[PDB]
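Heads up: the protein sequence lines correspond to chains B and A, in order. PDB author numbering puts the first sequence at residues 1 to 52, 52A to 52C, 53 to 82, 82A to 82C, 83 to 100, 100A to 100C, 101 to 128, 132 to 212. PDB author numbering puts the second sequence at residues 1 to 27, 27A to 27F, 28 to 94, 96 to 214. Here a beta-carbon is modelled for each residue, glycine too, at the ideal position from N, C-alpha and C.
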Amino acid sequence: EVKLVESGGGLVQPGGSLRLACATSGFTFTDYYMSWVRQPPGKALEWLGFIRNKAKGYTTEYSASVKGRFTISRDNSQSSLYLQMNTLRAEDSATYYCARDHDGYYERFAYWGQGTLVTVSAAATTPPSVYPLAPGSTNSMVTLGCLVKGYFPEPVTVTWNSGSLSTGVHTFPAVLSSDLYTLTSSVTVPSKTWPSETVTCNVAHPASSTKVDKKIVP
Amino acid sequence: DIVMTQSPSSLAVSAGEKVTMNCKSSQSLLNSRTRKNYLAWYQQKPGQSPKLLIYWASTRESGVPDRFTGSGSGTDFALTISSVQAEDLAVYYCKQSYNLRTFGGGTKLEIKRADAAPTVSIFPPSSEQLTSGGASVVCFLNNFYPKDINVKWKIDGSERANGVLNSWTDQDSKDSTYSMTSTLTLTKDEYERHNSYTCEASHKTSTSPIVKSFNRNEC
Ligand SMILES: O=C(O)[C@@]1(O)C[C@@H](O)[C@@H](O)[C@@H]([C@H](O)CO)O1
Ligand SMILES: [Zn+2]
C-alpha cells in the first residue's frame, strides 16, 4: 500500500509562517520527485513546487507564485516531505496536497495525500455548538439531523453511528457569517430502526480538538 | 511559462451518453527526445483528492475504467468518456509536466437526470440551544433535481426573509440529485412570540409547494 499523509494544517495569522509535513510509506522514497499542490476552497488545483530524487541530487523548483516564499525539503531517513510557508496571506488559504512525482521515467502524479486545510485569518478559533435535530411526525423512512453551529476555522467532520451509517447522509457545506461557520447534516433511515436502534452524530473540530457525540432522542 | 486552458468550464450529460472535454497548452508538450506528450488528466470527485486517470496524453492508468480515453498531441488534448456513469461526477484537470508542472482550470462534469421532487423535513430548535439563548429552525430539502429550488419561511402564516441562509450539497454520486438545507436563525425572545413555523418548498416538479410545519404549542 502506497500511503501519503499531510499534517500541519490549520489557522495561522496573516504574516505568519507554517510548516506542513507529508508522511509516506509503501514505496522507495528516494527514487521519487515529490510535489506540493494546493487548492483554495471551490477553486482550481495549483502546482507549487517539487524536490527531485536522489539521482538528481534532491534539488528544488517552485512556481513563480511561491518561489522565494515557500521552501520544500525532505527527510530521506524518514521518507518524509516538508513545505515551509512564510509571510502567509489570504490567497494561501487552501487545502495542501503532497503528491508522488517523477521517478526518472514516468510522467505522472500516481499518488496523492488526503490534503490538509490551511486558513489564513486573524479571527479566533471557536469550537462548534452541536444540536440534535429530532424528527416530529409515520412513513417508511425517517430523517434526523445535527446542527453544527458557530465554529472557526474549517473543517469539521460529521459521522453517524461512528461511520456505520454512510448511505442516505447529507452533510451540507458550511456557510460563513460573522467570522463563524455553521453546517448541518441529515441522515435518513428506516422507521423500524429509530428510536428502537440509536442514532448518534459524531462531530470533530480539529482546530479546537473538539469531540462531540449527540444521540438523537425522541 | 506554459498556459493551460480547459473547455468547457462545465456541462451536464445524462448517464450512458458520451462526453468530451478539451485542454489546450500555449506551447507544444511533445518532447522530442522521448517522443511523447507530457500531459496528464486527473479526476477529483466532490470532497476527495485528485486521482490520476491518464498520462502521456493517452496512457490509461491501471484501475481506470476503459470508458476513459485520452487523446491529442502538441497543443491540443481531449479526455473522452464513451458512456457516462453517475459516479463520473467530478472536476477533471489536465496538467503539463514538460516544463515544471501546470494545471488547467478544470472542467466540471455534472450529471443530467430525470426531474425529482424534494423530500422536505423541518426541525424545531433544540432545548440545549434554546436554554443557551438562540433559536435555529432547520429545513432539509433532500434528493431533488434539477438544482434550482425556492424556500419560503412563514411565522404564524406571514413570510419571513430575514435570517434565512441556504446551502446546497454537491450532486450525489449515486442518484445524481441535489439536497439543500435552509436554516432560519432567530433570538429565543422572538421565537417564543409565535407558534407556527412553516418551511415551504417550491420546485418545478409541482405547481403546488411542498409545505412542512410545526407548532410550538405542540412540542
Ligand atoms: O526538470 C526536471 O528535473 C525534469 O526531469 C522533470 C521532468 O518531469 C521533465 O519535465 C524533464 C524535462 O522533460 C526535461 O528533460 O525535466
Ligand atoms: Zn534548478
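Quiz item: For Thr56(B), is the beta carbon positioned less than 7 Å from some heavy atom of ligand 2?
Solution: Within the first sequence, the letter at position 59 stands for residue 56(B). Yes.
Exercise. Determine which residues of the segment 39-56 of chain A have a Cβ less than 8 Å from any Cβ of chain B, and write them out in chain order.
Key: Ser43, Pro44, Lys45, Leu46, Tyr49, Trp50, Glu55
Practice problem: Note down, in chain order, each residue of its chain lying with its Cβ closer than 6 Å to the Cβ of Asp31(B), except the 5 sequence neighbours on either side. | Solution: If you number the first sequence from 1, residue 31(B) lands on position 31. Around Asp31(B): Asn52A, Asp97.
Exercise. Give a single yes or no on whether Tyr32(B) has its beta carbon closer than 7 Å to a heavy atom of ligand 1.
Key: For the purposes of this step, residue 32(B) is taken as the residue at position 32 of the first sequence. Because no heavy atom of ligand 1 lies under 7 Å away, the Cβ of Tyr32(B) does not count as near it: no.
Practice problem: From the DSSP output, in three-state form, read off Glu85(B) for me. | Solution: The residue you call residue 85(B) lines up with position 91 of the first sequence. Three-state DSSP puts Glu85(B) in a helix.
Exercise. Would you grab the beta carbon distance between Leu20(B) and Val37(B) for me? Rounded to a whole angstrom, and I think it's under 8 Å.
Key: For the purposes of this step, residue 20(B) is identified with residue 20 of the first sequence, where counting begins at 1. For the purposes of this step, residue 37(B) is identified with residue 37 of the first sequence, where counting begins at 1. Contact doesn't hold; Cβ gap of about 12 Å is too wide.
Exercise. Report the neighbours of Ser168(A) on chain B: residues whose CB is nearer than 8 Å to its CB, in chain order.
Key: Reading the second sequence from its first residue, position 173 is the one you call residue 168(A). Within chain B, no residue comes near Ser168(A); the closest Cβ sits about 12 Å away, beyond 8 Å.
Practice problem: Would you identify the three-state DSSP class for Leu125(A), choosing helix, strand or coil? | Solution: As a working mapping, residue 125(A) is identified with position 130 in the second sequence. If DSSP states are grouped into helix, strand and coil, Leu125(A) belongs with the helices.
Quiz item: Are three or more beta carbon pairs between the segment 106-115 of chain A and the segment 205-212 of chain A nearer than 8 Å?
Solution: yes
Quiz item: When we look at the beta-carbon of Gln27(A) and count the other beta-carbons within 10 Å, is it buried (16 or more) or exposed?
Solution: Stepping through the second sequence from its first residue, residue 27(A) is reached at position 27. Result: exposed.
Quiz item: Mapping DSSP to helix, strand and coil, what is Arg94(B)?
Solution: Position 100 of the first sequence, counted from the first residue, corresponds to residue 94(B). DSSP places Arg94(B) in strand when its eight states are reduced to three.
Exercise. Classify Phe29(B) as helix, strand or coil using the three-state DSSP reduction.
Key: Mapped onto the first sequence, residue 29(B) falls at position 29. Correct three-state label for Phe29(B): helix.
Quiz item: CA-CA distance, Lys3(B) and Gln39(B)?
Solution: Here residue 3(B) refers to the residue found at position 3 when the first sequence is read from its first residue. Here residue 39(B) refers to the residue found at position 39 when the first sequence is read from its first residue. Rounded to whole angstroms, the gap between the alpha carbons of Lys3(B) and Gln39(B) is 20 Å.
Quiz item: Is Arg52(B) near ligand 1, judged by its Cβ being under 7 Å from some heavy atom?
Solution: Numbered from 1 along the first sequence, position 52 holds the residue referred to as residue 52(B). Checking the Cβ of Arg52(B) against ligand 1 gives yes.
Quiz item: Name the DSSP bridge partner or partners of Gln37(A)?
Solution: Here residue 37(A) refers to the residue found at position 43 when the second sequence is read from its first residue. Beta-bridge pairing by DSSP links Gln37(A) to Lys45(A), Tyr86(A).
Quiz item: Heavy atom of ligand 1 less than 7 Å from the Cβ of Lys53(B), yes or no?
Solution: Taking the first residue of the first sequence as 1, we reach residue 53(B) at position 56. Yes.
Self-check item: Under 7 Å (Cβ pairs) to chain A, residues found in the segment 143-160 of chain B
Solution: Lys143
Exercise. Would you kindly report the start and end of the unbroken beta strand (DSSP E) that includes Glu46(B)?
Key: Numbered from 1 along the first sequence, position 46 holds the residue referred to as residue 46(B). For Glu46(B), the uninterrupted beta strand (DSSP E) segment begins and ends at 46-51.
Practice problem: Name, please, each residue of chain A whose Cβ falls closer than 7 Å to the Cβ of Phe166(B). | Solution: As a first step, residue 166(B) must be located in the first sequence, where it is residue number 172. By Cβ distance, chain A contributes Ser162, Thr164, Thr176.
Practice problem: Check the Cβ-Cβ distances between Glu58(B) and every residue of chain A, and say whether any is below 8 Å. | Solution: Along the first sequence, read from residue 1 onward, the residue named residue 58(B) stands at position 61. Chain A, which has a Cβ nearer than 8 Å to the Cβ of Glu58(B), makes this yes.
Exercise. Assign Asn137(A) to buried or exposed, taking buried as 16 or more other Cβ atoms, counted over all protein chains shown, within 10 Å of its Cβ.
Key: In the second sequence, counting from the first residue as 1, residue 137(A) sits at position 142. Under this definition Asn137(A) is a buried residue.
Practice problem: Along the beta strand (DSSP E) that carries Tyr59(B), what are the first and last residues, could you check? | Solution: For the purposes of this step, residue 59(B) is taken as residue 62 along the first sequence, with counting starting at 1. Unbroken beta strand (DSSP E) run through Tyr59(B): 57-59.
Quiz item: For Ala201(B), which of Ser25(B), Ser77(B), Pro118(B), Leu138(B) has the nearest alpha-carbon?
Solution: Locating residue 201(B) in the first sequence gives position 207, where the first residue counts as 1. Checking every option, the nearest Cα to that of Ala201(B) belongs to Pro118(B).
Quiz prompt | CA-to-CA distance, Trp50(A) to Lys30(A), given in whole angstroms | solution = Within the second sequence, residue 30(A) is the residue found at index 36, counting from 1. Within the second sequence, residue 50(A) is the residue found at index 56, counting from 1. Approximately 6 Å between the Cα atoms of the pair.
Quiz item: Count the other CB atoms within 10 Å of the CB of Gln90(A); is the residue buried (16 or more) or exposed (fewer)?
Solution: One-based indexing of the second sequence puts residue 90(A) at position 96. Around the beta carbon of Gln90(A), 16 or more other beta carbons lie within 10 angstroms, which makes this residue buried.
Self-check item: N- and C-terminal bounds of the alpha helix (DSSP H) containing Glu185(A)
Solution: For the purposes of this step, residue 185(A) is identified with residue 190 of the second sequence, where counting begins at 1. From DSSP, the alpha helix (DSSP H) with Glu185(A) extends over 183-186.
Exercise. Please confirm whether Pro149(B) and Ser112(B) have their CB atoms less than 8 Å apart.
Key: Position 155 of the first sequence, counted from the first residue, corresponds to residue 149(B). Position 121 of the first sequence, counted from the first residue, corresponds to residue 112(B). Taking 8 Å as the Cβ cut-off, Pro149(B) and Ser112(B) do not qualify as a contacting pair.
Exercise. Might you give, ordered along the chain, the residues of its own chain that have their beta carbon closer than 6 Å to the beta carbon of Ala101(B), omitting 5 neighbours on each side?
Key: Translated into the one-based positions of the first sequence, residue 101(B) becomes position 110. Cβ neighbours of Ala101(B) beyond the five flanking positions: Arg94.
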